[PDB]
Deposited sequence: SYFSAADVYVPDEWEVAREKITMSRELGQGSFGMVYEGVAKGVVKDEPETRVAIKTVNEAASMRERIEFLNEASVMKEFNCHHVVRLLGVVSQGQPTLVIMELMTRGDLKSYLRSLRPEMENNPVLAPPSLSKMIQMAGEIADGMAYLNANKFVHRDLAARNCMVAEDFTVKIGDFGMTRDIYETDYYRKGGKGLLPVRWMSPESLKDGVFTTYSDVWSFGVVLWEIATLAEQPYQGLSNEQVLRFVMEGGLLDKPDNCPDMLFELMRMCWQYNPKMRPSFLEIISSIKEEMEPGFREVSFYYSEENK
């Protein structure tokens, strides 16, 4: 008469001794609990000590802490320079900890927003070169995911993060969705402004629609994270986009970058470039070391 439905967490080789962990600065607050910065011993090869991000959950329910552990654990499948790494778990005792790679400059949306001139002398908007470097890291990260049979479905600037050295990576899954909440629309909460026409039509997502979204992220970069289709309602976006409407070339946006956007925003998904193809087109523009750290240039990219 039935199959039993009891969710559980299973300690594995990602388990890390609590005593090896310390927490300092508060980074913010996630859905299950507060997240801190801190320091973890013995979690990176040949690194006695590593600065990390610690996502925590004693007042929470066991159902919740279980849900949090399993979800967070999704990130375990990934080992790529351009994807935020999970370094450990402390499931034993409380509070529950998940130890992540620290991205000191936060999420890309926030970072981009911080580049906006205050209302003093200011840094000029990011160069073509800088923007392109970002585009390529993001694309490398997505290529990796695709190679790993994954479809992201929520690729946006908010869902990328930024390291100390300014490297952009595919962010820890699901961290800005409730923060940048107006970037979503319950029509399931969907990132309508980032979505392909086909996805707006039948609610299916592919790698090809991830590419669409990639285009939108580039647009974000070039606008310092304006709201796409800023003048339009959520409902009006559905129609515009489904009807072949496109985002405008941002002021001062270098031609080349807008061209990139354009390849991504082709109506027919089958005509969009792949992430690999995207990287191939700009690889010469990439910082030297890309060849050493990228999925693209690795033996895994076969």
{"item": "Deposited-sequence ranges lacking C-alpha coordinates, in sequence order", "value": "58, 121-122, 191-193"}
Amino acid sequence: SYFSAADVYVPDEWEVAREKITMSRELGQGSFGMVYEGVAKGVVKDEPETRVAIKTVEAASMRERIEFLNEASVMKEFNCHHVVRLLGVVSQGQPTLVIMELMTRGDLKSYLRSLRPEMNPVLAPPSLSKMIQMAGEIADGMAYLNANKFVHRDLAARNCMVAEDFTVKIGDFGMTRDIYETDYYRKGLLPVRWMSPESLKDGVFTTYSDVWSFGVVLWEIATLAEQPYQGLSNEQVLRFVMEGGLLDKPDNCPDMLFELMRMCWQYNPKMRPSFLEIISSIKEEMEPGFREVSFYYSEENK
From here on, numbers count along this sequence of modelled residues.
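Here, rigid core means the biggest group of C-alpha atoms that superpose within 1.5 Å across both forms.
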| item | value |
| --- | --- |
| Farther-lying stretch by C-alpha RMS in 6 other deposited structures of this protein, rigid core as reference, of 139-147 and 169-177 | 169-177 |
| Between 79-87 and 94-102, larger RMS Cα displacement in 6 other deposited structures of this protein after core fit | 94-102 |
| Residue 121 dropped from a third or more of the other entries of this protein | yes |
| Residue 187 unmodelled in at least a third of other compared entries | yes |
| Stretch exceeding the other in mean C-alpha B-factor - 99-107, 172-180 | 172-180 |
| Higher-scoring stretch by recorded Cα B factor average, 70-78 or 161-169 | 70-78 |
| Residue 215 - which third its CA temperature factor falls in, relative to the rest of the chain | lowest |
| Third of the chain, ranked by Cα B-factor, where residue 263 sits | middle |
| CA B-factor placement of residue 282, once the chain's modelled residues are sorted into thirds | middle |
| Record-listed C-alpha B factor of residue 186: chain third | highest |
| Residue 275 CA temperature factor, ranked by third within the chain | lowest |
